[PDB]
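**Q** Structure incoming, see below.
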Amino acid sequence: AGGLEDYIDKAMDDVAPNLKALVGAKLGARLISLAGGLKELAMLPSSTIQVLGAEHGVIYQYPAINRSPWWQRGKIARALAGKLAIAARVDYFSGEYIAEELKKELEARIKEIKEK
């Protein structure tokens with residue numbers, strides 16, 4: 001029972017547990033790929049990862065951003081790109097597991113919800 005999606009759900013598990021836990025083994029692998037590796041993705045600013053998709057990068061695929069109005073999306077993108085820059089760096093340099101980072105954003109997005 002070896003599917004392509006299965007290989008990657010497990011590749012992320014020891015290549016990048018944080019990233020995976022943050023946006024998914026699917027989006028997370030797309031980011032590493034677009035960056036060229038978990039090495040030089042850990043070296044991307046955060047403004048860069050914010051726009052990795054089109055070369056509005058792929059992180060906009062993120063539920064919270066997608067299900068949000070415009071005017072709010074670009075602000076949720078920057079926050080997500082920030083927590084991603086940190087997950088890539090920890091997955092690469094540390095190897096330890098900090099996914100309370102998925103609470104720091106799940107609270108900053110509740111703050112960014114001061115808009116109409």
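**Q** Which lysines, on any chain, are close to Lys116 with Cα under 30 Å apart, when same-chain ones fewer than 8 places away are left out?
**A** By straight Cα distance, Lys116 reaches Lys75, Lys83, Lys103, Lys104.
**Q** To continue, here is another question. Under the Karplus relation 6.51 cos²θ - 1.76 cosθ + 1.60, θ = phi - 60°, what is the ordered set of whole-Hz ³J(HN,Hα) values for the range 28-41, x standing for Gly and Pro?
**A** Once θ is set to phi - 60°, the couplings for the range 28-41 become x, 6, 5, 5, 3, 4, 4, 6, x, x, 6, 5, 8, 7 Hz.
**Q** Take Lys26 and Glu5, extend 7 Å from each Cα along the Cα→Cβ direction, and tell me the distance between the two endpoints in nm.
**A** 0.6 nm
**Q** Report, in deg cm²/dmol and to the nearest 500, the calculated mean residue ellipticity at 222 nm for the chain, where each DSSP H run with n ≥ 4 adds -39500 (n - 2.57) and the sum is divided by the residue count.
**A** Values: 7 runs with 66 residues, N = 116.
It lands at -16500 deg cm²/dmol.
**Q** Given a Förster radius of 25 Å and the C-beta distance between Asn66 and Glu100 as r, what FRET efficiency does 1/(1 + (r/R0)^6) yield to the nearest 0.05?
**A** Values: r = 24 Å, r/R0 = 0.94.
Here the calculated transfer efficiency is 0.60.
**Q** Sticking with this structure for a sec: Mean projection of the alpha-carbon convex hull of the chain over all orientations, in nm²? Each step should come with its number before you reach the end.
**A** Numbers: hull surface 29.2 nm².
Dividing the Cα hull surface by four gives the mean projection, 7.3 nm².
Rule-based calculations on the coordinates, nothing more; no lab input. Cβ sites come from the backbone with ideal geometry, for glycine too, and all protein chains shown count toward neighbours.
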